[PDB]
Asker: 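One structure, pasted below without further comment.
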Amino acid sequence: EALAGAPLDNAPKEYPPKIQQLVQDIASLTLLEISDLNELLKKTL
Amino acid sequence: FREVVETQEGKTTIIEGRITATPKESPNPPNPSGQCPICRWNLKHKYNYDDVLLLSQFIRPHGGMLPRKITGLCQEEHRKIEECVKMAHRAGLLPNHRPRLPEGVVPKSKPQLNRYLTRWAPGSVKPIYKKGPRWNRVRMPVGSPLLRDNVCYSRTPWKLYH
Amino acid sequence: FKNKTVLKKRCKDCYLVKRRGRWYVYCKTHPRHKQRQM
Amino acid sequence: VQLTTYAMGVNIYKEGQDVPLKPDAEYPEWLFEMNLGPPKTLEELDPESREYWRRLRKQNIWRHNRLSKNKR
Amino acid sequence: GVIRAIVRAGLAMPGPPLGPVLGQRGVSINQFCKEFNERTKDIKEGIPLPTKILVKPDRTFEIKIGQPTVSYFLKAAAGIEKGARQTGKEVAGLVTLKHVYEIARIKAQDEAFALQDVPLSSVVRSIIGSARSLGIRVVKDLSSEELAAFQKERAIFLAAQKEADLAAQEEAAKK
Amino acid sequence: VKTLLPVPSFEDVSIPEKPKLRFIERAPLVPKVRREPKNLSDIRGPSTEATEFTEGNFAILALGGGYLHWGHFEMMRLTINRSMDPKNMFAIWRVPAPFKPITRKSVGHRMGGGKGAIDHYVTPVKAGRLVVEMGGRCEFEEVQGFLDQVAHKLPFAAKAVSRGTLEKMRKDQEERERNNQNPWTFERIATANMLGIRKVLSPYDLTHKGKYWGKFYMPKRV
Amino acid sequence: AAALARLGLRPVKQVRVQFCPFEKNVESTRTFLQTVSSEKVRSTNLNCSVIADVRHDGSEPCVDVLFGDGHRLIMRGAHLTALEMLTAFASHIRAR
Amino acid sequence: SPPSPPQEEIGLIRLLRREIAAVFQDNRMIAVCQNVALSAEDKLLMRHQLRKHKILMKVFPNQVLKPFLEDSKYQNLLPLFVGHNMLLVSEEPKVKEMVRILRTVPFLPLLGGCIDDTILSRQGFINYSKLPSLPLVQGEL
RNA sequence: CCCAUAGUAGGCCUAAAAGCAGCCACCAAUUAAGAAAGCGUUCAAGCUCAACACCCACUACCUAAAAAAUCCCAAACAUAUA
Ligand SMILES: [Mg+2]
Ligand SMILES: [Zn+2]
């Protein structure tokens with residue numbers, strides 16, 4: 001395959017988009033599923 | 001091409017290397033399968049020391065020669081071109097490719113001894129004071145032996161020692 | 001300068017030059033090595 | 001006079017007890033595979049191994065040293 | 001600059017060869033020798049050992065102590081004094097691989113082996129190579145072999161060394 | 001990285017005892033009483049003997065005829081024995097000791113009154129004959145250098161050759177012979193007596209093929 | 001690199017080289033850092049320092065040198081080659 | 001001229017490729033830097049100062065480093081490798097002491113490298129070094 | 001064009017002979033350097049060459065010429081078609 005072009009952050013204009021997708025999926029709900037996050041992420045921790 | 005320009009301004013010397021225009025090859029060379037520029041343009045054995053239009057594309061702005069790794073010539077054509085350009089320099093051709101010098105041209109030397117096909121350096125060849133016998137005469141080299149394979153139309157070979 | 005029909009560098013600092021229609025071996029480290037073609 | 005003479009009295013068991021030599025079972029096993037008598041040859045050596053190229057380069061150095069005795 | 005030399009631990013007299021080189025370097029030699037000797041007084045033997053000496057513009061010297069010589073350690077483990085005249089064709093003695101393991105574990109902490117990422121395997125390979133150059137002999141296991149090997153080798157080697165000494169004797173006579 | 005190649009090993013070459021050149025005497029042990037004529041033909045044309053390697057891999061090859069005498073023998077033997085390595089190289093003669101007696105008359109003598117007394121002895125040599133052979137566990141470059149040194153001091157043209165070098169020269173001579181482009185050959189003209197050229201040529205030219213002139217050999221003559 | 005070792009780099013007091021490794025026209029100044037950080041050219045005088053400023057958004061090789069007389073020689077070598085700017089710097093230091 | 005007879009690959013470069021792939025797969029992060037024309041004694045002095053914290057260094061020829069970069073996922077590392085270059089193979093990624101022991105010599109440039117398949121520049125490496133402790137990062141959420 | 005760290009001042013012999021006064025052996029660490037090929041050293045030391053790393057114009061049609069006596073000795077000329 002290939003890899004990202006990888007620029008520098010001394011002049012920050014761009015950030016990875018997978019983070020954007022995951023946050024758009026998780027960070028638009030109330031405490032009902034934040035409770036799922038808190039209860040669930042700590043099964044292995 | 002590329003050039004270096006130095007600008008002295010306020011006890012500070014800016015040294016810059018800039019890129020200028022550059023001439024490319026012509027659109028349709030006749031023999032693209034050739035290796036040298038001479039072979040590509042079918043000029044092998046077809047140029048003499050008079051062909052300054054062809055010689056000056058291989059020479060520095062001050063009458064010097066360019067290396068093969070830049071020009072692209074083969075070893076044989078490189079020597080042919082270098083000898084031809086030496087003869088052209090000695091023949092008074094290439095007036096604008098004179099050696100660079102601050103003020104040394106003012107004491108003009110001996111006037112224009114017109115010459116052509118000058119093989120050796122004119123200041124390093126001794127006079128023929130004795131000329132030898134008839135069966136071995138000290139001849140005078142005219143032209144360069146590296147052009148013995150040029151195209152001949154005279155039905156008689158070129159005379160290199162006469 | 002010594003006259004020779006064959007010239008060879010006698011050290012690493014000897015250098016062959018073509019001057020006045022002749023081959024010279026010039027050395028700056030050992031001036032002993034100065035040779036002239038005959 | 002001066003010349004280094006420190007010759008311990010090596011008897012049948014001097015060097016088996018002067019230093020605290022540990023039992024053979026305690027040293028690691030990789031110690032007992034070394035090529036002892038003769039050095040290994042190219043044919044014994046695998047063209048893949050690094051010691052093969054080291055030996056080939058040693059032979060090349062030997063050839064160069066042999067040749068470079070009359071060339072200036 | 002640096003100075004490379006070997007000098008005995010308990011014996012370093014302000015003379016040759018360290019005398020002339022240090023004199024040309026331009027630093028006091030008595031101070032250096034007294035300092036070195038008092039440093040190595042902690043050694044209970046007086047073991048010859050190499051020395052790296054470093055000098056700086058202000059005419060003072062820093063000295064780094066290393067490990068003793070593999071030649072010394074190998075001849076000591078062998079129990080012989082002089083190296084063999086005929087290396088490869090003549091045997092200087094018999095040692096076991098445990099001794100070379102001990103020498104490696106005590107030497108690898110010097111400036112020539114602890115300064116690199118060398119395992120003990122390559123170090124013991126180096127010691128084995130130096131042993132082969134010295135002419136000493138190394139084989140695998142020497143529990144009951146060494147005792148008989150020493151038994152016969154002491155006698156035969158004493159006889160052969162007496163033969164070599166009388167060889168030197170008639171050589172010195174035939175001048 | 002620069003690719004490396006295995007070194008040519010030497011595990012099948014054994015040097016013999018007495019590896020240096022044997023002393024060569026100026027005169028035979030039994031001197032020849034009868035004086036012979038100067039049969040100049042023993043240096044003319046190609047050599048029929050000692051033309052190929054026997055035990056060594058290097059040699060000095062003669063490219064012209066001549067006579068070797070004791071001074072030449074001493075020169076080559078001394079230079080070889082002082083420039084070779086006894087432990088890795090051995091040198092063997094390939095020319096006999098001087099046996100042809102050269103006679104000279106007394107100085108300031110008029111012509112006549114019989115032949116002159118035998119003065120010295122020489123070894124005739126023809127072109128294409130190996131003079132000294134060399135072998136051992138050594139390459140060719142060192143021996144080529146200090147053997148060309150000796151060959152330059154011989155009374156005739158000479159070269160330092162090896163098995164591969166000599167084979168290469170012979171194959172190139174054959175290749176030149178077959179790819180020669182002009183249709184007129186010395187061999188053809190001489191053998192067919194074209195233009196009546198045998199009135200100028202020699203009976204030996206039918207076999208020398210124009211490649212030999214007196215005691216001189218032309219390797220470019222085809 | 002023996003030219004500077006023979007020319008005595010001692011007039012200099014500070015040299016710095018700026019480049020972006022992720023740019024295609026930095027080889028000349030990179031190998032100039034290589035040749036100017038050599039043992040002899042740096043041991044000819046221990047009162048001067050060599051600086052390797054590394055950035056990524058600059059997108060331009062540059063060289064800035066200051067020596068005892070206070071002059072500031074700047075050569076932004078991105079089209080100018082190592083040997084050319086080498087002999088230029090050597091000529092400048094031997095002139096002053 | 002007719003096409004050249006191409007040579008076959010040799011064991012040197014084959015095993016060089018094998019080991020480079022091994023240290024590119026097993027390792028955690030890679031730090032490439034410039035091979036200063038510095039004396040051998042001091043060179044091994046740094047070498048020991050870096051290995052004292054259990055991180056190794058290697059030097060490889062570019063003619064065999066390049067094809068891996070071109071045909072692998074690490075293509076963006078290629079244009080940095082145009083001169084005297086070396087790599088620092090360092091497991092258990094630790095950058096604080098590497099930067100501290102490289103800061104003593106200002107002419108050694110850390111041209112960049114990757115951090116868990118994340119390629120960052122020199123200032124990128126310094127700001128990644130300034131990141132808080134891993135237990136704190138984990139406990140933040 | 002660069003580049004020279006090491007067991008190691010390999011042992012024997014030698015007052016000393018450290019790669020290089022003479023012989024036997026010629027292993028061996030690091031990605032790389034020969035128990036040393038030229039010098040060079042009183043012994044050492046300082047120089048190269050052989051070795052990684054660095055790019056890579058060719059890295060080479062082999063060599064193959066000389067001066068006497070009255071005064072050099074045709075004049076000249078490289079390019080319109082056998
Ligand atoms: Mg030295
Ligand atoms: Zn010289």
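Every chain is numbered from 1 and lettered A, B, ... according to where its sequence line falls, protein lines coming before strand lines. The analysis underlying the following values was restricted to heavy atoms, covering all of them including side chains, and did not include hydrogens, waters or symmetry mates.
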Asker: How is the sugar of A6(I) puckered by the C1'-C2'-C3'-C4' sign, north or south?
Answerer: north
Asker: Are the six-membered base rings of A51(I) and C52(I) within the stacking limits, centres under 5.5 Å and planes under 30°?
Answerer: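 Base stacking between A51(I) and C52(I): present.
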Asker: Does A67(I) have its OP1 or OP2 closer than 4.0 Å to a side-chain nitrogen or oxygen of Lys130(B)?
Answerer: no
Asker: Tell me whether the sugar of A50(I) sits north or south, going by the sign of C1'-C2'-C3'-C4' (positive is north, negative is south).
Answerer: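 Because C1'-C2'-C3'-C4' is positive here, the pucker of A50(I) counts as north.
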Asker: I want to check one thing: is the phosphate of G7(I), taken as OP1 and OP2, less than 4.0 Å away from some side-chain N or O of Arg125(E)?
Answerer: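 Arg125(E) to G7(I) OP1/OP2: no side-chain N or O under 4.0 Å.
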Asker: Hey, is the side chain of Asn62(H) poking within less than 4.0 Å of OP1 or OP2 on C55(I), counting only N and O atoms?
Answerer: yes
Asker: May I ask you to evaluate whether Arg134(B) reaches the phosphate of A74(I), defined as a side-chain N or O under 4.0 Å from OP1 or OP2?
Answerer: yes
Asker: Nearest-nucleotide wise, let me know which of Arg47(H) and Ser133(E) is further upstream toward the 5' end of RNA chain I.
Answerer: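 Closer to the 5' end of RNA chain I: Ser133(E).
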Asker: Any donor-acceptor pair, under 3.5 Å, between the side chain of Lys52(E) and the base of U8(I), if you only look at N and O atoms?
Answerer: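 Flag unset: no donor-acceptor pair detected.
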Asker: Sort and list the pairs that fulfil side chain to side chain donor-acceptor pair (under 3.5 Å) and have at least one residue in residues 137-157 of chain B, not counting sequence neighbours.
Answerer: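 Every side chain to side chain donor-acceptor pair (under 3.5 Å) pair that includes a residue of residues 137-157 of chain B, provided the two are not neighbours, is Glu83(B)-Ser144(B).
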Asker: Using purine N1 to pyrimidine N3 plus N6-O4 or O6-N4 for Watson-Crick, or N1-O2 and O6-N3 for G-U wobble, each under 3.5 Å, what pairs with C27(I)?
Answerer: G7(I)
Asker: Could you tell me whether the side chain of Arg85(E) has a donor or acceptor atom within less than 3.5 Å of a complementary atom in the base of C12(I)?
Answerer: yes
Asker: For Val123(E), which contact category applies under a 4.0 Å heavy-atom criterion: base, sugar-phosphate, or nothing?
Answerer: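 If one applies the 4.0 Å heavy-atom cut-off, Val123(E) turns out to touch nothing in the nucleic acid.
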Asker: Give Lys2(F) one of three labels, base, sugar-phosphate or nothing, depending on what nucleic acid heavy atoms sit under 4.0 Å from its own.
Answerer: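 Counting heavy atoms under 4.0 Å across all strands, the contact made by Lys2(F) is with sugar-phosphate only.
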Asker: Would you classify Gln34(G) as touching base, sugar-phosphate or nothing, given that sugar-phosphate means primed atoms plus P, OP1 and OP2, and contacts are heavy atoms under 4.0 Å?
Answerer: nothing
Asker: Using a 3.5 Å limit on both hydrogen-bonding distances, do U42(I) and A75(I) make a Watson-Crick or G-U wobble pair?
Answerer: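 No, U42(I) does not pair with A75(I).
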Asker: Can you check whether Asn60(D) has a side-chain N or O nearer than 4.0 Å to OP1 or OP2 of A50(I)?
Answerer: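 For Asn60(D), the contact criterion (side-chain N or O under 4.0 Å from OP1 or OP2 of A50(I)) is not met.
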Asker: With a 4.0 Å limit, can you tell me whether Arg66(D) has a side-chain N or O closer than that to the phosphate oxygens OP1/OP2 of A37(I)?
Answerer: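 Looking at the OP1 and OP2 atoms of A37(I), neither is under 4.0 Å from any side-chain N or O of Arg66(D).
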Asker: Rounded to the nearest 0.5 Å, what separation is found between the OG1 atom of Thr81(G) and the CD atom of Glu27(G)?
Answerer: 10.0 Å
Asker: Across the strands shown, which category fits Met38(C) at heavy-atom distances under 4.0 angstrom: base, sugar-phosphate, nothing?
Answerer: base
Asker: So, does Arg4(E) get its side chain near the phosphate of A6(I), meaning an N or O under 4.0 Å from OP1 or OP2?
Answerer: yes
Asker: Please state whether the phosphate of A78(I), meaning OP1 or OP2, lies under 4.0 angstrom from any side-chain nitrogen or oxygen of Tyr49(B).
Answerer: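 For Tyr49(B), the contact criterion (side-chain N or O under 4.0 Å from OP1 or OP2 of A78(I)) is not met.
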Asker: By sign alone, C1'-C2'-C3'-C4' of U70(I) puts its sugar north or south?
Answerer: south
Asker: Using a heavy-atom cut-off of 4.0 Å across all strands, would you classify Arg137(B) as base, sugar-phosphate, or nothing?
Answerer: sugar-phosphate
Asker: For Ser130(E), which contact category applies under a 4.0 Å heavy-atom criterion: base, sugar-phosphate, or nothing?
Answerer: base
Asker: Between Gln34(H) and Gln34(G), do the side chains contain a donor N or O and an acceptor N or O under 3.5 Å apart?
Answerer: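 Present: a donor and an acceptor within the cut-off.
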Asker: Using atom NE2 of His84(H) as one end and atom P of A53(I) as the other, report the distance to the nearest whole Å.
Answerer: 10 Å
Asker: Would you kindly say whether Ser121(E) and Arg125(E) are connected by a side-chain donor-acceptor distance under 3.5 Å?
Answerer: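 Looking only at side-chain atoms, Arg125(E) and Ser121(E) do form a donor-acceptor pair, the distance falling under 3.5 Å.
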Asker: Can you tell me if the side-chain N/O atoms of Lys58(D) get under 4.0 Å from OP1 or OP2 in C27(I)?
Answerer: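 Yes, such a contact exists.
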Asker: Would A69(I) be called syn or anti, given that syn covers angles within 90° of 0?
Answerer: anti
Asker: To the nearest 0.5 Å, how far apart are CZ in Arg10(C) and CD in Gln35(C)?
Answerer: 6.5 Å
Asker: For RNA chain I, which residues of residues 68-81 of chain B approach it to below 4.0 angstrom with any heavy atom?
Answerer: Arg68(B), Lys69(B), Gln75(B)
Asker: Check whether any side-chain N or O of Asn85(H) sits under 4.0 Å from OP1 or OP2 of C54(I), and answer yes or no.
Answerer: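 So the side chain of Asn85(H) is within the cut-off, an N or O lying under 4.0 Å from OP1 or OP2 of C54(I).
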Asker: For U8(I), measure the glycosidic angle (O4'-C1'-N9-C4 for a purine, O4'-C1'-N1-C2 for a pyrimidine) and name it syn if it falls within 90° of 0, otherwise anti.
Answerer: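 It is syn.
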Asker: Counting only Watson-Crick or G-U wobble geometry with both distances under 3.5 Å, does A76(I) pair with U14(I)?
Answerer: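 No; nothing between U14(I) and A76(I) satisfies the definition, which requires both distances under 3.5 Å.
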Asker: Would you mind calling the pucker of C71(I) north or south from its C1'-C2'-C3'-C4' torsion?
Answerer: south
Asker: With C1'-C2'-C3'-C4' as the criterion (positive north, negative south), name the sugar pucker of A65(I).
Answerer: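 The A65(I) sugar sits on the north side, the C3'-endo region.
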